[PDB]
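This document contains two forms of one protein chain, each encoded as structure tokens and listed individually as structure 1 and structure 2.
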Structure 1
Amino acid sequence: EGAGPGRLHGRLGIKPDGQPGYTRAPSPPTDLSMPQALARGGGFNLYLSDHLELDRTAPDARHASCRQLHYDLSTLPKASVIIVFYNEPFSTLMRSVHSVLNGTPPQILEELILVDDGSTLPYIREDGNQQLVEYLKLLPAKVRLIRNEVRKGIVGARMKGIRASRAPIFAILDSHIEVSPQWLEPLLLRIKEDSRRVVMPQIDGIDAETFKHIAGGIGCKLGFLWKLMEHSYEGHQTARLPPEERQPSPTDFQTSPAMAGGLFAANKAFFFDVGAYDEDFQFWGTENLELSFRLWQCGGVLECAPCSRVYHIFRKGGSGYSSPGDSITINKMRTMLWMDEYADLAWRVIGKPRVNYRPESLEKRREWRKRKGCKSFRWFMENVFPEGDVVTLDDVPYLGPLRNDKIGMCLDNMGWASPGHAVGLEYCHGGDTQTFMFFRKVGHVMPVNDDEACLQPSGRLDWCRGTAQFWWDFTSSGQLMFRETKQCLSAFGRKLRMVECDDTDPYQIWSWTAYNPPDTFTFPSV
């Protein structure tokens, strides 16, 4: 096999006749149209990917201080790397397998499980052309293939691989990645010291159009938006950390309230004891936040390892597969179980949806939660994510329409909660399009359906930032006063203009519904 640096599992993909079992493509056509190629490639430039080598060398994205560390590969526990895919192309999938095997010591790699989540591509189908399974015969025995007869989704595919894993630790990677050196050693050492740790590698990027390796700029810490999606700590949220954590060492392991992707390593025994995944989550979306919340509340710890780095092809100009439109909403309702009274806020932000969130199985998760002794979401916000803009629902004093009695009209986002457009004044009708909320920790006036969009003195919505350019004070007289200018907002003449503050001018007096949610969120009925 001839192993060594850069080929830790030997020379991969060689036939009996010493020639490669993968015929690689010529250089992409010179007249290629990137927008049309990105579409056909499910988000990546497939002409270029098929032309690149499966044994790609990648730059070492780690800080130089990560190379000064030593790992005794005989004391570390073995791990099972799990890659699940639905119609991932051959070149990107096999490049991932090659990267793992080339860059992972065999002492610490028990196996590499490939989970076909009901792929329909000919090169993967069991009734197909057999290209994949035939090429696997040219790879180490560690590489196994297991299939789901029907496509189950992220959670269904992940659980299949985890259940099939024989090692005490498993590591979940995507089917379109490349690793930096010594990516697994940091994870194993950290999980070895404490089995309750779920350790995430930090993600670098591979451009979808050019396939250049790109340094990841994402920090370690991740919060969440009330739209129920993870979000990196903003500058003003980092500023709220203890001084010793605002700028930690490149080598320090850092906790994170939330997980972004599904790239993490965990002790298999602990993973099942902490609830694994909720196997009634549908297809794609939000399982990372449900796991993040449950993990912390249930005794676990979520950490990121800046010295463990993996490259990831972020899609662009296309998508790799389909997903029902309601699967994302169901996954969000089920995640609200772990948010306790805060679910009322999240429920109003995503439009008060009424869907079949499998209530019968959700009550059983409610019982598992009480039987396990998991902690409240209040504890979560106060201890794991106290840097957020909303630690208690007291931090959202107002939620409802912003009405002006003089002209008899309320604020209206006019159809787009997405920022960049002007706000208007219209006859009040009570729909969510006229509902705004106030985050007092930052003075933000936002539409309830998008906590990333903030009112500005210009009368428009723009991307929220934790700065004085978006700070408002709602006075005891009902005025909307921009703090930087000390001017107040007026609805005079049906247009929105800033004017000298005067509590005697009725055109600048607003009413805003106080927000007094219940101590208990009761789910909507199906």
Structure 2
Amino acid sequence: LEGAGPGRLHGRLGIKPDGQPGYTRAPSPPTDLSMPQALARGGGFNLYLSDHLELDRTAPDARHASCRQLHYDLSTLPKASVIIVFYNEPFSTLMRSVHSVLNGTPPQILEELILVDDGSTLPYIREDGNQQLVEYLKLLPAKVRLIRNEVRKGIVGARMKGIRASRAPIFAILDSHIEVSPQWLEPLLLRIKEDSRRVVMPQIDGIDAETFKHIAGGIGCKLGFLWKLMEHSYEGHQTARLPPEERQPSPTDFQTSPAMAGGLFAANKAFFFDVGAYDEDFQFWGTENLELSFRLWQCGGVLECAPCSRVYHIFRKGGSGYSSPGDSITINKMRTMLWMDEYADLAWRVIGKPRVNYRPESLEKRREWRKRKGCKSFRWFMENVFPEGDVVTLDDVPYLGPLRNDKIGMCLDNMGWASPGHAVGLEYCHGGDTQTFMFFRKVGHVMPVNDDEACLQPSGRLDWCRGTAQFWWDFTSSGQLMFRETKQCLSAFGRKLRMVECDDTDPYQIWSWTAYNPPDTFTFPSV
């Protein structure tokens, strides 16, 4: 296209032959707008405002100053394919992503821009509808190509389709609702150029779902995972466990990460297929980011984060852009547990000892692949990749089970909500997950099994876990739950949890807690 230059690196996009934009911006959002209603209409973000905002939307440069002092020889860098998959993404957000990539990516290093319709049902996206998308693409460069999935396959199914169509040596995956900062692709290509085993991910920034403001700081560089099988950014007490030379790293140095946030990463195409690509039995939205990350490290790969590659992302708030089956997320977590070896016992209990159809036949074929590849163990992963975790070995979970007081013959009970912010009760013991708690010794945390983010407090309530003395309990040899700071013990006198002076002679402050002596091998549940 014509009109290229700074800020419009592929030329002026989306312009009819008459010099007029092919897209009419909506009027300003109505003054009387109930944000909860609008967040639930646009699928987790204010669509009224998005439809009013320009597609060539200027974004603040979120990169640190030292990142802008770096130079790249675009002739020596390999070209890449950008892959944006989407299911029923609105026109404004999807095309703003396209314009942002085209305007912000030098053409010398962008082989193509693949758009994958994961079986969308919206009229503007359908080939039996109003044909808005196809028509507007004619006003974009030919690098942009639209491929379509006959039926909604899911994230893994759509990404694999785009990767298998990409023709560049390197590919980069991006969500359909993003805005890039300057020189976002160049630092990633340089990393993969020097080692095809490196999978490099940008640092994710924020676009407020309600106001669409750009927020510096989304998902940092170093992130681990929760035993609910979920990516989780390093916390303070965890970054403190890092080697002293890695706690305040340089703004430009690349940092390894045990896990990725998902769907914003770049990789060498050939290595991606040799290291397992994706497990295509994953369904819809899910935890493919953790299955990839574990397998990546264990099978001879390196996951790192490029602090100088920043991309803005709309984190959905108060709504969801699509509806996925309820059993899909459970299945993806079961398949992910193949790579966790004995540690899968803890994850299985945290997600509720589920018993679904995790496609056992397919997973066996990947256990073989894992063996023929020589992949390393999850113990190795924890002791070498994520050694800063609160549970490096299952011996860090000494107790898992009911917390019973034999004097009153009752067990602690999360009362129907392992979520933080509610009081814990005392109820007759019944042997359900609502009355099973776990202990993490590295941090002194007493949590319900179904949420490792919920920590018991001397207030008798659960609150968000923090690696501080505000949540450090000691389980004495006498059976007392002692709070370290206050040096008081937890009592069940009067069927009301209270803190009292420690006294092993007081039966109301003596608790029993089942020891967690897991097996050495996790046997998957029968289907």
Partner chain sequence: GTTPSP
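In this text, the rigid core denotes the largest set of C-alpha atoms whose superposition between the two forms falls within 1.5 Å. Residue positions are counted from 1 along structure 1's sequence.
(message) Between the two structures, is it 1 or 2 that corresponds to the form deposited without the partner chain?
(response) Of the two, structure 1 is the form deposited without the partner chain.
(request) Could you check which of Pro386, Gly351, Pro324, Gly217 shows a C-alpha shift of 2 Å or more between structures 1 and 2 after a rigid core superposition? (result) C-alpha shift of at least 2 Å: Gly217.
(message) Superposed on the rigid core, does the Cα of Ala468 end up 2 angstroms or more away between structures 1 and 2?
(response) No, the C-alpha position differs by under 2 Å between structures 1 and 2.
(message) After superposing the rigid core, is the C-alpha displacement of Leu32 2 Å or more between structures 1 and 2?
(response) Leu32 C-alpha, core-superposed: shift of 2 Å or more.
(message) Using a rigid core fit, what is the CA shift at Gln202 between structures 1 and 2, in angstrom?
(response) Comparing between structures 1 and 2 after core fitting, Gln202 shifts 0.6 Å at its C-alpha.
(message) Fitting the two forms on their rigid core, what distance in Å separates the Cα positions of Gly261 between structures 1 and 2?
(response) It moves 2.4 Å at the C-alpha.
(message) Core-aligned, what does the C-alpha of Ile14 shift between structures 1 and 2, expressed in angstrom?
(response) Residue shift at the C-alpha: 1.3 Å.
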